[PDB]
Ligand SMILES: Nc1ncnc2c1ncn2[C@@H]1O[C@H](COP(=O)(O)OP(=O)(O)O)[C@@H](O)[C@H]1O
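Given as structure tokens, the chain that follows is alone and in the form solved without the named molecule.
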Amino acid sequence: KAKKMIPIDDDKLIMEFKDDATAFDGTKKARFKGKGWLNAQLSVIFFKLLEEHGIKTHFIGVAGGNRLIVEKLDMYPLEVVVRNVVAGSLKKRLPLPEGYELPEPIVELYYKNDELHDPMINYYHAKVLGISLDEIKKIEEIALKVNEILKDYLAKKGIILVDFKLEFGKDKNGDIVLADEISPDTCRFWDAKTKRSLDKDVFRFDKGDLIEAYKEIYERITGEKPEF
């Protein structure tokens, strides 16, 4: 839908970032020239940042612009959502307004299943899904640590980290390893002063130019205008 996975061998594969974007369970579609490049490059910076902090990620190296070399993992069938500020689907689950500052981070577990439209699950559903309580606890522990690292990093750059989605897999040693991507597609980012979205919500809710919004994030983090 937004990425291709290309085999290399048993140990590694290629994650390719496409210009394609979707929303509303794949029902909204557009292409944005440069979006693959931006998301690829922002994922690299985030993976490298988190690695420095002791977070095991699938990130191995770059394979030219839009393609990353990543470790092969047994993927957990989860989307793991961390929420600091109330936005999107949390508005329908809690009677709190968009922009409400949570007293502590909220972690949500979603089962990756297209047929069931990615329903929310708890630790018990997880277990029936074959994911042990100890696996779940260390998945959440990692997500909360990632949260602290990303929110501090971004607050320096005048960016509020509202929420974001993570995915994980096990490597050959049975270690839990951070996977997929971290990009303006899979996070909400607000400008600290204006509270404007610099993320996929621009596309989701037609708030302006998606590529300008993504370029802003890139420029704020790197201090440079994008090469494409």
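Each residue number is its position in the shown sequence, starting from 1. We call the rigid core whatever largest set of C-alpha positions still superposes within 1.5 Å between the two forms.
In 9 other deposited structures of this protein, superposed on the rigid core, the segment with the larger root-mean-square CA displacement between 18-26 and 210-218 is 18-26.
For the pair 62-70 and 157-165, the mean B factor over Cα atoms is greater in 62-70. Mean C-alpha B-factor is higher over 23-31 than over the other stretch, the pair under comparison being 23-31 and 198-206. Between the residues 80, 85, 116, 120, it is 116 that shows the highest Cα B-factor in the PDB record. When the modelled residues of the chain are ordered by C-alpha B-factor, residue 193 sits in the highest third.
When all modelled residues of the chain are sorted by CA temperature factor, residue 108 is found within the lowest third.
A second form of this protein, the form deposited with the named molecule bound, is not displayed here; the remarks below concern that form.
Taking a 4.5 Å heavy atom cutoff to the named molecule in the deposited bound form, the contact residue among 133, 106, 155, 75 is 75. Proximity of residue 140 to the named molecule in the deposited bound form: non-hydrogen atoms within 4.5 Å are absent; the residue sits far from the partner. A residue is said to contact a partner when one of its heavy atoms sits within 4.5 Å of a partner heavy atom; residue 67 fails this definition for the named molecule in the deposited bound form, lying far away. Proximity of residue 112 to the named molecule in the deposited bound form falls within the 4.5 Å heavy atom cutoff.
Taking the partner from the other structure, the named molecule in the deposited bound form has a heavy atom within 4.5 Å of a heavy atom of residue 179. Using a 4.5 Å cut-off to the named molecule in the deposited bound form, not one of 159, 191 and 220 places a heavy atom inside that distance. Residues of 157-172 lying near the named molecule in the deposited bound form, listed in sequence order, are 165, 167, the criterion being any heavy atom within 4.5 Å.
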